[PDB]
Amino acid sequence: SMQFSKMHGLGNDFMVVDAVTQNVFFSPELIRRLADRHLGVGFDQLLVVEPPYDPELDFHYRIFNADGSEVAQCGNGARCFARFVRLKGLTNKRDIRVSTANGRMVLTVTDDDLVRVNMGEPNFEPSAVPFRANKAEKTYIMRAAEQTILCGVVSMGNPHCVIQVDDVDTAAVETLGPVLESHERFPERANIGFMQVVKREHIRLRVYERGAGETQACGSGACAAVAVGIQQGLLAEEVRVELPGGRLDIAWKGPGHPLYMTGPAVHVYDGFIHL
């Protein structure tokens, strides 16, 4: 009584469910049982594909995390959706108009079988992060215990604090990330990014994610680090980003323009479950 597909984008594994050609119902309890890695399917998030709710768009989709609750993140699960509906032959388009808990959107499959995702334009206004500060600035001063840290703060819809470092392998993420996440000036906490700039077009990146700790790939994290890198004159307009679990290509042309994020999505297996 249900067919699903297990996928991952740069190590972010989804259960993906066609609710277009399938009648299908959920619980918070059920989703929890399914998400459990030894008792169920095992996933970080469940992605449900649904028919469009207006005659101009193509599909709509929802995301539930493994706690059971809906997730509204801007780029979350977009590339896995986008390769899925083509793989299961539900569309043959390369541009796909989609609606989520965040609004309309458009997704492009490239010749390489990667997905380009319009993330919107990054907001730097502190009150929108939220980030407690006197005026919007390109760089702020974090007084953290005995150290002094030069942060840059941006919102991709998430809150992010980006830190320049010299070698990401040499950074003390597991010690400093927690103290910077639960900082005073971050009432909603923040996503901590450690960014090593290699060239104007190539950086490396590690992210200590909110309430979770270090992840092998945060999409909005990469977007934040490249935004703040561009706003600080460090980076060119098309930056390759190296994350512990693979590569993203971010393009953004400054204020007034949206930010485009491009990555893989991997299809891993097809599965059938009762209940």
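Numbering starts at 1 and follows the sequence shown.
Comparing 97-105 with 155-163, the higher mean C-alpha B-factor in the PDB entry belongs to 97-105. Annotation for 166-174 versus 117-125: the higher mean temperature factor (C-alpha) is found in 166-174. Compared with the other modelled residues of the chain, the Cα B-factor recorded for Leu234 ranks in the highest third.
Per the deposited record, the Cα B-factor of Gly11 falls in the middle third when ranked against the other modelled residues of its chain. Sorting the modelled residues of the chain by their CA temperature factor places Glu242 in the middle third. Among the modelled residues of the chain, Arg79 sits in the lowest third by CA temperature factor in this PDB entry.
When the modelled residues of the chain are ordered by C-alpha B-factor, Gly193 sits in the lowest third.
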